[PDB]
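Enquirer: Here it is, the structure in full.
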Amino acid sequence: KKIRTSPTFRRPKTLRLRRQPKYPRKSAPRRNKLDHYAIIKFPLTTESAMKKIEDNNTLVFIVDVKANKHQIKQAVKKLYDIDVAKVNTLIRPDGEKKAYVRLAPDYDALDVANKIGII
Amino acid sequence: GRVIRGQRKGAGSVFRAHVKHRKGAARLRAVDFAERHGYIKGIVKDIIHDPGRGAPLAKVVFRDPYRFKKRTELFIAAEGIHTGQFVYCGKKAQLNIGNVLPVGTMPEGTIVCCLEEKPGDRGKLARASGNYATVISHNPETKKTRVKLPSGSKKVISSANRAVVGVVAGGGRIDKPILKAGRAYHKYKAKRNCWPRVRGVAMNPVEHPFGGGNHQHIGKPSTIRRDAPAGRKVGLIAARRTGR
Amino acid sequence: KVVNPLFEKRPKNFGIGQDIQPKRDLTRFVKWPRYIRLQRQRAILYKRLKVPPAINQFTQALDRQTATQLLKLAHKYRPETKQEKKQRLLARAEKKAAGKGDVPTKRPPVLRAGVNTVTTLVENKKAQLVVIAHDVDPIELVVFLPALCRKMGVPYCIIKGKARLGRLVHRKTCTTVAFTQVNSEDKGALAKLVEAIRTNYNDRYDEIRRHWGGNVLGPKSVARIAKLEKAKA
Amino acid sequence: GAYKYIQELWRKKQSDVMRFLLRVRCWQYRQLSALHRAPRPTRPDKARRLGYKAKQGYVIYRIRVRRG
RNA sequence: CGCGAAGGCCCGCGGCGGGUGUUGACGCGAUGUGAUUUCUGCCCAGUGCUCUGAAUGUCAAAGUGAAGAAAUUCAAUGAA
RNA sequence: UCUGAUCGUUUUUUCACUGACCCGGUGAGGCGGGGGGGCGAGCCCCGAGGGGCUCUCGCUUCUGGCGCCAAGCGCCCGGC
């Protein structure tokens, strides 16, 4: 039925269409400004990060401020052709997001360390 | 000068009502077909205390006759009403306490409470803690009725507007001396927050033209017109008389 | 019907406190979109207020059976349209060079649409029929045209709808139309109309002027009037 | 043409087409704003005498101010 | 002492605005005195407040008449 | 001297209508007319067969239970 059974009148829903523009609003997709070579700035080497790299089987990196833990995993995995188990990312007082990359048991955190240049 | 206390009691501020904890309004129910020509039957589920009122309400539970659910109201509870009672509501519901029926179909002399003003406003007159409006004499032509409100003024009320029978429970409240400054405090904290009054004669002559002086004396004739501007109009307003 | 084993009737009781009321039409009670309660009561005001004769003369309209006769005649004399004015324009221009024929010729009789065109051919006493849409949007556009038609001696008739007068032509709506000339075969058919049109509109024009509408109180309000007057009766 | 007849009519004010019509104006400025679009002028001549024509791109709003 | 809600007291530059009011005279609002006990005397002239009002003394916009050529002059009528 | 009260105007007083305007209720849920039908009541005639009239009902009050998303009937049409 749906002619008159309730005492209220509501808006009768109509049809809707989606945009089919006769030109793209902007010219071309804007390439990323945040890729592998920008989200892993450089490895860190201090007296803390050296205990971390030789004992806990992890690395240490410094990472752009806007970067998930899901994003840091992909970068290091694709950069050095490595594996990552888990990542921990504090943000230092200066404002740089320090990242602790726990390394997969199948790999040797020293042998990866020599490759990336840090002693 | 500055505005006297009682001249910023309308600004809508600190002098609001304290209505955080109040259980709900107090209205009978909207007039519909089932109430106009027949009578609908409801239970008194639980009687509760509504803070800031010496007339405890009552959660009556009805049945919607054109859909399927349970509807609840907050009637002002008449006296004698107890939980698990079948309260009726309408035009053909017989006389008995706590059972609304429209003045006009109730005999001359029947005591009502929570009487409506005009048909459909769901209860306005004679609903304090233990007051009652009396019906006097119908007039089956022009469809009017005369009620004797609690003050004493006889009103020519329109008929066909409803009123729950019996006095309002909670009566005889003002017979215990409060006896304490604090016990009056706790009473006025639960309502609009305006308790401790300070006489005009005490405040310096800015507030209350009464004030000032060197003997704490009014100085001005107390009785005031009602054409007087808003700000002098203090004391015995528009006094038709005075003295004991 | 042979007896069924255990099929039950099981009726229902309807009323105050009994089983729940059914779902039936509330056509009179539904809170309408409030844009129509404007357009709805406007139908009621023009029944209540004393509508003056200059306006109320627009209710009394040409009958149906007479209307189809006229609309038949107008169907013969509609104006040219796009896409065939165009093709004749293609036929017109492309024949100019050859020398046998050329662009323009004589114009056979056609209607005339706008009130600003009709009148300008009415006070010159050139209009035979005058048809007025009975419901023009500002009714001030034709509130003066009847009294003009009578003073000039012109048969005029009022049809229902400005939209179908917009179909005798090819636009959304057309306030007015007027026959200025016809061909000799249909001239019999025209006089059959004006001999009955002007007996009801032009001839009794003085009857129309002394007429006033409105005051038709509501059925709830008028049934009470009858009942109480019956009581005195 | 009709415009002269229209012009000579609105000079003779004190009508009811003006009273039948305030109610149309006074209500629906609440169903919509006190500023809404009319689809076409309710005064054809006066709009035209003031510069309005009937072509595309022209709009006509009705606006209600309070006296005093 | 005011007030039965087209209400009392009040806010507000303004609206079918807002507070008391999710309230209704055993209530809201305005005062004065200051537990209980025992009493609360005389004055309505003065100053206020309120109550009613035809035969109405005064009484302003409109409004009505009279004279003038008109601006105007005059008169009656007259709410709080 | 009152010679209709007709179509016409206005000073008018009192009452009535509602359409302007205002208030209140609602999930804007059965408002005003007219009959179908009667457990019944009555008013009246009347061949006991019935005929005319007035009242009523969406027809429920010992129980802190349940109550919607149609049964039944009537008319079509399709698959196999």
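Here, A, B, ... name the chains of the structure tokens in the order displayed, residue numbers run from 1 inside each chain, and ligands are numbered from 1 in the same displayed order.
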Can you check which residues of chain A DSSP gives as strand (DSSP E or B) on the backbone and send them as a ChimeraX atom specification?
Expert: /A:8,42-43,58-63,84-89,97-103
Enquirer: Define the interface residues of chain B facing chain F as those within 7 Å, counting only C-alpha atoms (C1' of nucleotides), and report them as a ChimeraX atom specification.
Expert: /B:30,33,43,67-68,84,120-121
Enquirer: Just the selected residues (N, CA, C and O atoms), exported as an mmCIF file, in the first residue's frame, please.
Expert:
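Okay, this is what ended up in again08.cif:
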data_model
loop_
_atom_site.group_PDB
_atom_site.id
_atom_site.type_symbol
_atom_site.label_atom_id
_atom_site.label_comp_id
_atom_site.auth_asym_id
_atom_site.auth_seq_id
_atom_site.Cartn_x
_atom_site.Cartn_y
_atom_site.Cartn_z
ATOM 1 N N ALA B 30 -2.610 12.770 26.466
ATOM 2 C CA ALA B 30 -3.224 13.461 25.345
ATOM 3 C C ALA B 30 -4.592 12.876 25.046
ATOM 4 O O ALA B 30 -4.789 11.661 25.075
ATOM 5 N N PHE B 33 -9.087 9.173 20.662
ATOM 6 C CA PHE B 33 -10.421 8.611 20.478
ATOM 7 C C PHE B 33 -10.802 7.690 21.627
ATOM 8 O O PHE B 33 -11.941 7.725 22.105
ATOM 9 N N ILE B 43 -2.396 0.366 34.630
ATOM 10 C CA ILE B 43 -1.875 -0.109 35.902
ATOM 11 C C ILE B 43 -1.101 1.032 36.541
ATOM 12 O O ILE B 43 -0.614 1.928 35.848
ATOM 13 N N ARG B 67 -1.029 0.869 17.984
ATOM 14 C CA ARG B 67 0.244 0.220 17.698
ATOM 15 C C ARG B 67 0.443 -0.848 18.767
ATOM 16 O O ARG B 67 -0.497 -1.220 19.472
ATOM 17 N N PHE B 68 1.662 -1.362 18.894
ATOM 18 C CA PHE B 68 1.971 -2.371 19.907
ATOM 19 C C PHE B 68 3.173 -1.926 20.726
ATOM 20 O O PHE B 68 4.311 -2.149 20.311
ATOM 21 N N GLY B 84 -0.049 -1.579 41.678
ATOM 22 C CA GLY B 84 -0.906 -2.678 41.287
ATOM 23 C C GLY B 84 -2.373 -2.324 41.324
ATOM 24 O O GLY B 84 -3.184 -3.113 41.821
ATOM 25 N N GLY B 120 -7.417 19.984 26.800
ATOM 26 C CA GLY B 120 -6.262 19.432 26.128
ATOM 27 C C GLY B 120 -4.900 19.822 26.663
ATOM 28 O O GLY B 120 -3.897 19.391 26.090
ATOM 29 N N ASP B 121 -4.814 20.604 27.738
ATOM 30 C CA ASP B 121 -3.520 21.044 28.245
ATOM 31 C C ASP B 121 -2.975 20.128 29.330
ATOM 32 O O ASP B 121 -1.956 20.449 29.943
#
Enquirer: Skip residue 90 (chain A) itself and residues of its chain fewer than 4 positions away, then list as a ChimeraX atom specification all residues within 10 Å of it, counting only C-alpha atoms (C1' of nucleotides).
Expert: /A:95-100
Enquirer: Generate the output file for the selected residues, N, CA, C and O atoms, as an mmCIF file, in the first residue's frame.
Expert:
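As a result, result_19.cif now contains:
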data_model
loop_
_atom_site.group_PDB
_atom_site.id
_atom_site.type_symbol
_atom_site.label_atom_id
_atom_site.label_comp_id
_atom_site.auth_asym_id
_atom_site.auth_seq_id
_atom_site.Cartn_x
_atom_site.Cartn_y
_atom_site.Cartn_z
ATOM 1 N N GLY A 95 61.470 16.235 18.134
ATOM 2 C CA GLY A 95 60.399 16.100 17.175
ATOM 3 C C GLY A 95 60.620 15.067 16.094
ATOM 4 O O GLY A 95 59.839 15.030 15.138
ATOM 5 N N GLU A 96 61.650 14.234 16.202
ATOM 6 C CA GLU A 96 61.908 13.177 15.233
ATOM 7 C C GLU A 96 61.422 11.847 15.783
ATOM 8 O O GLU A 96 61.702 11.500 16.933
ATOM 9 N N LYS A 97 60.694 11.103 14.959
ATOM 10 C CA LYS A 97 60.055 9.868 15.401
ATOM 11 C C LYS A 97 61.086 8.752 15.350
ATOM 12 O O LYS A 97 61.297 8.137 14.306
ATOM 13 N N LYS A 98 61.743 8.495 16.473
ATOM 14 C CA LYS A 98 62.686 7.392 16.552
ATOM 15 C C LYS A 98 61.937 6.074 16.487
ATOM 16 O O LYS A 98 60.878 5.926 17.092
ATOM 17 N N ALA A 99 62.486 5.113 15.753
ATOM 18 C CA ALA A 99 61.813 3.840 15.537
ATOM 19 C C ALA A 99 62.750 2.695 15.879
ATOM 20 O O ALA A 99 63.890 2.665 15.409
ATOM 21 N N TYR A 100 62.261 1.753 16.682
ATOM 22 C CA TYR A 100 62.989 0.541 17.043
ATOM 23 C C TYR A 100 62.438 -0.612 16.216
ATOM 24 O O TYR A 100 61.282 -1.007 16.389
#
Enquirer: Give me the residues within 12 Å of region 181-184 of chain B as a list in words, counting only C-alpha atoms (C1' of nucleotides) and dropping any in the same chain fewer than 6 places off.
Expert: residues 190, 191, 193, 194, 195 and 196 of chain B; 35 of chain E
Enquirer: Show me, as a Markdown table, the residues of chain D having an atom within 12 Å of chain F, each with the closest atom pair and its distance in Å, using only C-alpha atoms (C1' of nucleotides).
Expert:
| residue | atom | partner | partner_atom | distance |
| --- | --- | --- | --- | --- |
| D:19 | CA | F:20 | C1' | 9.7 |
| D:20 | CA | F:20 | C1' | 10.3 |
| D:21 | CA | F:20 | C1' | 11.9 |
| D:22 | CA | F:20 | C1' | 10.2 |
| D:23 | CA | F:20 | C1' | 8.4 |
| D:26 | CA | F:20 | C1' | 11.0 |
| D:27 | CA | F:20 | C1' | 11.8 |
Enquirer: Please identify all polymer residues within 10 Å of residue 49 (chain C), counting only C-alpha atoms (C1' of nucleotides), omitting same-chain residues fewer than 2 positions from it, and present them as an NGL selection string.
Expert: (:C and (44-47 or 51-52 or 213-217)) or (:D and (16 or 19-20)) or (:F and (19))
Enquirer: Got time to write the residues from that selection, N, CA and C atoms (P, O5', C5', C4', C3', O3' and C1' of nucleotides), as a PDB file, in the first residue's frame?
Expert:
ATOM      1  N   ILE C  44      -9.844  27.444  -0.357  1.00  0.00           N
ATOM      2  CA  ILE C  44     -10.975  27.659   0.534  1.00  0.00           C
ATOM      3  C   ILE C  44     -11.290  29.143   0.666  1.00  0.00           C
ATOM      4  N   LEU C  45     -10.263  29.993   0.677  1.00  0.00           N
ATOM      5  CA  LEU C  45     -10.499  31.430   0.789  1.00  0.00           C
ATOM      6  C   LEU C  45     -11.334  31.946  -0.373  1.00  0.00           C
ATOM      7  N   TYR C  46     -11.009  31.522  -1.594  1.00  0.00           N
ATOM      8  CA  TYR C  46     -11.773  31.961  -2.752  1.00  0.00           C
ATOM      9  C   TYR C  46     -13.187  31.408  -2.750  1.00  0.00           C
ATOM     10  N   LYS C  47     -13.508  30.510  -1.820  1.00  0.00           N
ATOM     11  CA  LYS C  47     -14.897  30.121  -1.616  1.00  0.00           C
ATOM     12  C   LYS C  47     -15.536  30.934  -0.503  1.00  0.00           C
ATOM     13  N   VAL C  51     -15.841  37.188  -3.489  1.00  0.00           N
ATOM     14  CA  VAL C  51     -15.079  37.405  -4.712  1.00  0.00           C
ATOM     15  C   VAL C  51     -15.847  38.381  -5.599  1.00  0.00           C
ATOM     16  N   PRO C  52     -15.206  39.444  -6.086  1.00  0.00           N
ATOM     17  CA  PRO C  52     -15.945  40.478  -6.802  1.00  0.00           C
ATOM     18  C   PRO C  52     -16.275  40.035  -8.214  1.00  0.00           C
ATOM     19  N   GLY C 213     -19.640  36.257  -5.715  1.00  0.00           N
ATOM     20  CA  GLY C 213     -19.400  34.936  -5.184  1.00  0.00           C
ATOM     21  C   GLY C 213     -18.885  34.968  -3.753  1.00  0.00           C
ATOM     22  N   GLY C 214     -18.716  33.773  -3.200  1.00  0.00           N
ATOM     23  CA  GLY C 214     -18.237  33.619  -1.840  1.00  0.00           C
ATOM     24  C   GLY C 214     -19.354  33.330  -0.859  1.00  0.00           C
ATOM     25  N   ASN C 215     -18.989  33.394   0.423  1.00  0.00           N
ATOM     26  CA  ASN C 215     -19.892  33.220   1.558  1.00  0.00           C
ATOM     27  C   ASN C 215     -20.377  31.786   1.718  1.00  0.00           C
ATOM     28  N   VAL C 216     -19.766  30.836   1.014  1.00  0.00           N
ATOM     29  CA  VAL C 216     -20.176  29.435   1.084  1.00  0.00           C
ATOM     30  C   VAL C 216     -19.426  28.831   2.266  1.00  0.00           C
ATOM     31  N   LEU C 217     -20.028  28.920   3.449  1.00  0.00           N
ATOM     32  CA  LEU C 217     -19.373  28.468   4.668  1.00  0.00           C
ATOM     33  C   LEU C 217     -19.095  26.966   4.609  1.00  0.00           C
TER      34      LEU C 217
ATOM     35  N   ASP D  16      -9.251  43.606  -3.696  1.00  0.00           N
ATOM     36  CA  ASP D  16      -9.109  42.395  -2.894  1.00  0.00           C
ATOM     37  C   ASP D  16      -8.032  41.451  -3.399  1.00  0.00           C
ATOM     38  N   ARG D  19      -5.760  41.662  -1.057  1.00  0.00           N
ATOM     39  CA  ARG D  19      -6.062  41.059   0.235  1.00  0.00           C
ATOM     40  C   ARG D  19      -6.106  39.538   0.137  1.00  0.00           C
ATOM     41  N   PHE D  20      -6.628  39.001  -0.973  1.00  0.00           N
ATOM     42  CA  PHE D  20      -6.532  37.562  -1.210  1.00  0.00           C
ATOM     43  C   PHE D  20      -5.082  37.108  -1.143  1.00  0.00           C
TER      44      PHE D  20
ATOM     45  P     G F  19     -13.575  28.928   8.868  1.00  0.00           P
ATOM     46  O5'   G F  19     -12.355  29.327   7.929  1.00  0.00           O
ATOM     47  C5'   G F  19     -12.528  30.288   6.896  1.00  0.00           C
ATOM     48  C4'   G F  19     -11.428  31.316   6.886  1.00  0.00           C
ATOM     49  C3'   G F  19     -10.923  31.742   8.257  1.00  0.00           C
ATOM     50  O3'   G F  19      -9.570  32.166   8.116  1.00  0.00           O
ATOM     51  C1'   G F  19     -11.891  33.593   7.182  1.00  0.00           C
TER      52        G F  19
END
Enquirer: Near chain D, meaning an atom within 9 Å, which residues of chain C appear when counting only C-alpha atoms? Write them as a VMD selection string.
Expert: chain C and resid 34 to 35 38 to 39 42 45 to 46 49 51 to 52 55 115 to 121 137 to 142 144 to 145
Enquirer: Selection from above, N, CA, C and O atoms, as a short mmCIF file (atom, residue, chain, number, x, y, z; two decimals), in the first residue's frame, can you write it?
Expert:
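Below is the file part.cif, written as the result:
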data_model
loop_
_atom_site.label_atom_id
_atom_site.label_comp_id
_atom_site.auth_asym_id
_atom_site.auth_seq_id
_atom_site.Cartn_x
_atom_site.Cartn_y
_atom_site.Cartn_z
N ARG C 34 4.02 21.65 4.59
CA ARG C 34 3.29 22.87 4.86
C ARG C 34 3.32 23.81 3.66
O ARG C 34 2.73 24.89 3.71
N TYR C 35 3.93 23.38 2.56
CA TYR C 35 3.86 24.15 1.32
C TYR C 35 2.52 23.96 0.62
O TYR C 35 2.17 24.75 -0.26
N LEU C 38 -0.56 26.00 2.36
CA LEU C 38 -0.69 27.29 1.69
C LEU C 38 -1.56 27.17 0.45
O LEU C 38 -2.54 27.90 0.29
N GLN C 39 -1.21 26.25 -0.44
CA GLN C 39 -1.95 26.12 -1.69
C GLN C 39 -3.30 25.45 -1.51
O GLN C 39 -4.12 25.48 -2.43
N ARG C 42 -5.86 28.27 0.10
CA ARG C 42 -6.15 29.25 -0.93
C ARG C 42 -7.34 28.82 -1.78
O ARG C 42 -8.04 29.66 -2.35
N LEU C 45 -10.26 29.99 0.68
CA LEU C 45 -10.50 31.43 0.79
C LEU C 45 -11.33 31.95 -0.37
O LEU C 45 -12.29 32.71 -0.18
N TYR C 46 -11.01 31.52 -1.59
CA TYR C 46 -11.77 31.96 -2.75
C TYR C 46 -13.19 31.41 -2.75
O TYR C 46 -13.98 31.78 -3.61
N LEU C 49 -14.36 34.29 0.93
CA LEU C 49 -14.39 35.73 0.74
C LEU C 49 -15.33 36.11 -0.40
O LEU C 49 -15.56 35.35 -1.34
N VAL C 51 -15.84 37.19 -3.49
CA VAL C 51 -15.08 37.41 -4.71
C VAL C 51 -15.85 38.38 -5.60
O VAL C 51 -17.05 38.21 -5.82
N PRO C 52 -15.21 39.44 -6.09
CA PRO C 52 -15.95 40.48 -6.80
C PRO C 52 -16.28 40.04 -8.21
O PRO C 52 -15.63 39.12 -8.76
N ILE C 55 -13.71 39.19 -10.96
CA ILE C 55 -12.96 37.95 -10.83
C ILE C 55 -13.88 36.74 -10.92
O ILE C 55 -13.58 35.77 -11.61
N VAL C 115 -1.72 38.06 -24.93
CA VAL C 115 -2.72 39.08 -24.62
C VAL C 115 -2.28 40.43 -25.17
O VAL C 115 -3.12 41.26 -25.54
N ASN C 116 -0.97 40.67 -25.23
CA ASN C 116 -0.47 41.90 -25.80
C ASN C 116 -0.56 41.93 -27.32
O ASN C 116 -0.40 42.99 -27.92
N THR C 117 -0.82 40.79 -27.96
CA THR C 117 -1.16 40.73 -29.37
C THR C 117 -2.66 40.69 -29.61
O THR C 117 -3.14 41.30 -30.56
N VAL C 118 -3.40 39.99 -28.75
CA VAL C 118 -4.85 39.92 -28.92
C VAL C 118 -5.48 41.29 -28.80
O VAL C 118 -6.15 41.76 -29.72
N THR C 119 -5.25 41.97 -27.67
CA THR C 119 -5.90 43.26 -27.47
C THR C 119 -5.60 44.21 -28.62
O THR C 119 -6.52 44.78 -29.22
N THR C 120 -4.34 44.32 -29.02
CA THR C 120 -3.97 45.24 -30.09
C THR C 120 -4.73 44.93 -31.38
O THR C 120 -4.83 45.78 -32.27
N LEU C 121 -5.24 43.70 -31.51
CA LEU C 121 -6.17 43.41 -32.59
C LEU C 121 -7.62 43.27 -32.11
O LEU C 121 -8.45 42.76 -32.86
N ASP C 137 -2.32 33.17 -14.00
CA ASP C 137 -1.65 33.12 -12.70
C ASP C 137 -1.83 34.40 -11.89
O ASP C 137 -2.44 34.34 -10.81
N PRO C 138 -1.34 35.58 -12.32
CA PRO C 138 -1.97 36.81 -11.83
C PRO C 138 -3.23 37.09 -12.63
O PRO C 138 -3.17 37.47 -13.80
N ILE C 139 -4.39 36.92 -11.98
CA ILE C 139 -5.66 37.05 -12.68
C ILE C 139 -5.93 38.49 -13.09
O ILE C 139 -6.94 38.77 -13.74
N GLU C 140 -5.02 39.40 -12.74
CA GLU C 140 -5.10 40.77 -13.22
C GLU C 140 -4.74 40.89 -14.69
O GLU C 140 -5.03 41.92 -15.30
N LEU C 141 -4.14 39.86 -15.28
CA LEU C 141 -3.77 39.94 -16.69
C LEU C 141 -4.97 39.93 -17.61
O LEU C 141 -4.90 40.44 -18.73
N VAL C 142 -6.08 39.34 -17.19
CA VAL C 142 -7.26 39.28 -18.06
C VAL C 142 -8.51 39.71 -17.31
O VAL C 142 -9.63 39.49 -17.78
N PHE C 144 -9.54 42.57 -17.10
CA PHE C 144 -10.10 43.68 -17.85
C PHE C 144 -10.57 43.30 -19.24
O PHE C 144 -11.16 44.14 -19.92
N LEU C 145 -10.29 42.08 -19.69
CA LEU C 145 -10.51 41.76 -21.09
C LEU C 145 -11.97 41.50 -21.44
O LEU C 145 -12.38 41.86 -22.55
#
Enquirer: Chain C residues within 8 Å of chain F, counting only C-alpha atoms (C1' of nucleotides): which ones, as a PyMOL selection string?
Expert: chain C and resi 8-11+14-20+26+29-31+45+48-49+219-220+223
Enquirer: Dump as a list in words the residues of chain A that approach chain B to within 12 Å, counting only C-alpha atoms.
Expert: residues 5, 6 and 7 of chain A
Enquirer: Would you pick out the contacts of region 132-143 of chain B at 6 Å or less, using only C-alpha atoms (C1' of nucleotides), so that residues sharing its chain but fewer than 5 positions from it are not included, and give the list as an NGL selection string?
Expert: :B and (108-113 or 126 or 148-150 or 159 or 167)
Enquirer: To one decimal place, how far is CA of residue 179 (chain B) from CA of residue 236 (chain B) in Å?
Expert: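 Value for the CA of residue 179 (chain B)-CA of residue 236 (chain B) distance: 27.0 Å.
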Enquirer: Fewer than 3 positions away in the same chain doesn't count, so skip those; otherwise give me all residues within 12 Å of residue 42 (chain F), counting only C-alpha atoms (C1' of nucleotides), as a list in words.
Expert: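 My reading of the contact set: residues 53, 54 and 55 of chain F.
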Enquirer: Which one is closest to chain C: A:117, A:29, A:43, A:12? Count only C-alpha atoms.
Expert: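 Among A:117, A:29, A:43, A:12, it is A:12 that comes nearest to chain C.
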Enquirer: If you run DSSP on this backbone, which residues of region 29-91 of chain C come out as alpha helix (DSSP H), and could you give them as a ChimeraX atom specification?
Expert: /C:36-48,53-56,64-76,85-91
Enquirer: Selection from above, N, CA and C atoms, as a short mmCIF file (atom, residue, chain, number, x, y, z; two decimals), in the first residue's frame, can you write it?
Expert:
data_model
loop_
_atom_site.label_atom_id
_atom_site.label_comp_id
_atom_site.auth_asym_id
_atom_site.auth_seq_id
_atom_site.Cartn_x
_atom_site.Cartn_y
_atom_site.Cartn_z
N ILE C 36 1.76 22.91 0.97
CA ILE C 36 0.47 22.76 0.31
C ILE C 36 -0.63 23.37 1.15
N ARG C 37 -0.50 23.32 2.48
CA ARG C 37 -1.50 23.97 3.32
C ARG C 37 -1.60 25.45 2.99
N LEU C 38 -0.56 26.00 2.36
CA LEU C 38 -0.69 27.29 1.69
C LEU C 38 -1.56 27.17 0.45
N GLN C 39 -1.21 26.25 -0.44
CA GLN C 39 -1.95 26.12 -1.69
C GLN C 39 -3.30 25.45 -1.51
N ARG C 40 -3.53 24.82 -0.37
CA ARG C 40 -4.80 24.14 -0.15
C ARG C 40 -5.86 25.10 0.37
N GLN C 41 -5.53 25.86 1.41
CA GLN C 41 -6.50 26.80 1.95
C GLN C 41 -6.79 27.94 1.00
N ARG C 42 -5.86 28.27 0.10
CA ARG C 42 -6.15 29.25 -0.93
C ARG C 42 -7.34 28.82 -1.78
N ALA C 43 -7.59 27.52 -1.87
CA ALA C 43 -8.80 27.05 -2.52
C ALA C 43 -10.03 27.36 -1.67
N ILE C 44 -9.84 27.44 -0.36
CA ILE C 44 -10.98 27.66 0.53
C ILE C 44 -11.29 29.14 0.67
N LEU C 45 -10.26 29.99 0.68
CA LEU C 45 -10.50 31.43 0.79
C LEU C 45 -11.33 31.95 -0.37
N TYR C 46 -11.01 31.52 -1.59
CA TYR C 46 -11.77 31.96 -2.75
C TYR C 46 -13.19 31.41 -2.75
N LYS C 47 -13.51 30.51 -1.82
CA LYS C 47 -14.90 30.12 -1.62
C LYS C 47 -15.54 30.93 -0.50
N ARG C 48 -14.73 31.45 0.42
CA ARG C 48 -15.28 32.13 1.59
C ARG C 48 -15.43 33.63 1.35
N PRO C 53 -17.26 40.67 -8.86
CA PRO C 53 -17.71 40.17 -10.17
C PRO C 53 -16.62 40.14 -11.22
N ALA C 54 -15.68 41.09 -11.17
CA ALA C 54 -14.62 41.10 -12.17
C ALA C 54 -13.79 39.83 -12.12
N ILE C 55 -13.71 39.19 -10.96
CA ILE C 55 -12.96 37.95 -10.83
C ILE C 55 -13.88 36.74 -10.92
N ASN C 56 -15.02 36.80 -10.23
CA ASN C 56 -15.93 35.66 -10.17
C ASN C 56 -16.47 35.27 -11.53
N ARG C 64 -18.15 21.40 -21.55
CA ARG C 64 -17.28 20.44 -22.21
C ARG C 64 -17.70 20.22 -23.66
N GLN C 65 -18.95 19.83 -23.87
CA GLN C 65 -19.42 19.48 -25.21
C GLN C 65 -19.22 20.63 -26.19
N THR C 66 -19.31 21.87 -25.70
CA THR C 66 -18.99 23.00 -26.56
C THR C 66 -17.48 23.18 -26.70
N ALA C 67 -16.72 22.84 -25.66
CA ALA C 67 -15.27 23.04 -25.71
C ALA C 67 -14.62 22.19 -26.80
N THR C 68 -15.03 20.93 -26.91
CA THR C 68 -14.41 20.06 -27.91
C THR C 68 -14.71 20.54 -29.33
N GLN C 69 -15.87 21.16 -29.53
CA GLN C 69 -16.18 21.72 -30.84
C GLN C 69 -15.18 22.81 -31.21
N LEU C 70 -14.90 23.72 -30.28
CA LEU C 70 -13.92 24.77 -30.54
C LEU C 70 -12.53 24.20 -30.70
N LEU C 71 -12.11 23.31 -29.79
CA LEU C 71 -10.78 22.74 -29.88
C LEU C 71 -10.60 21.97 -31.18
N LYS C 72 -11.70 21.43 -31.72
CA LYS C 72 -11.64 20.88 -33.07
C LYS C 72 -11.26 21.95 -34.08
N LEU C 73 -11.93 23.11 -34.02
CA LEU C 73 -11.65 24.18 -34.97
C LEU C 73 -10.22 24.67 -34.82
N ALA C 74 -9.75 24.85 -33.59
CA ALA C 74 -8.39 25.32 -33.38
C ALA C 74 -7.37 24.31 -33.89
N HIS C 75 -7.71 23.03 -33.88
CA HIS C 75 -6.80 22.01 -34.39
C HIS C 75 -6.54 22.18 -35.88
N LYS C 76 -7.47 22.79 -36.62
CA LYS C 76 -7.23 23.05 -38.03
C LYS C 76 -6.31 24.25 -38.25
N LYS C 85 8.54 24.64 -39.89
CA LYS C 85 8.91 25.99 -40.30
C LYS C 85 10.32 25.90 -40.87
N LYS C 86 11.16 25.14 -40.17
CA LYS C 86 12.54 24.95 -40.60
C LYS C 86 12.62 24.31 -41.98
N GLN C 87 11.92 23.19 -42.18
CA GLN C 87 12.00 22.51 -43.47
C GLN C 87 11.44 23.39 -44.58
N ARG C 88 10.31 24.04 -44.33
CA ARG C 88 9.81 25.03 -45.28
C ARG C 88 10.83 26.15 -45.46
N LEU C 89 11.56 26.50 -44.40
CA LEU C 89 12.67 27.44 -44.54
C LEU C 89 13.78 26.85 -45.39
N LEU C 90 14.05 25.55 -45.23
CA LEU C 90 14.95 24.87 -46.16
C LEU C 90 14.36 24.87 -47.56
N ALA C 91 13.05 24.63 -47.66
CA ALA C 91 12.38 24.70 -48.96
C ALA C 91 12.35 26.13 -49.49
#
Enquirer: So how many Å separate CA of residue 205 (chain C) and CA of residue 150 (chain C), to one decimal?
Expert: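 Separating CA of residue 205 (chain C) from CA of residue 150 (chain C) is a distance of 7.7 Å.
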Enquirer: Determine which residues of chain B sit within 6 Å of chain E, taking into account only C-alpha atoms (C1' of nucleotides), and present them as a PyMOL selection string.
Expert: chain B and resi 7+10-12+24-25+125+129+151+174+221+223+234-237+239-240
Enquirer: Which residue gives the smallest distance to residue 207 (chain C) among C:13, C:57, C:128, C:81, with only C-alpha atoms counted?
Expert: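 For residue 207 (chain C), the nearest of the candidates is C:57.
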Enquirer: When the cut-off is 10 Å and we count only C-alpha atoms, which residues of chain A are near chain C, given as an NGL selection string?
Expert: :A and (2-11)
Enquirer: Using only C-alpha atoms (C1' of nucleotides) and a cut-off of 12 Å, which residues of chain E sit close to chain D? Please list them as an MDAnalysis selection string.
Expert: chainID E and resid 14:16
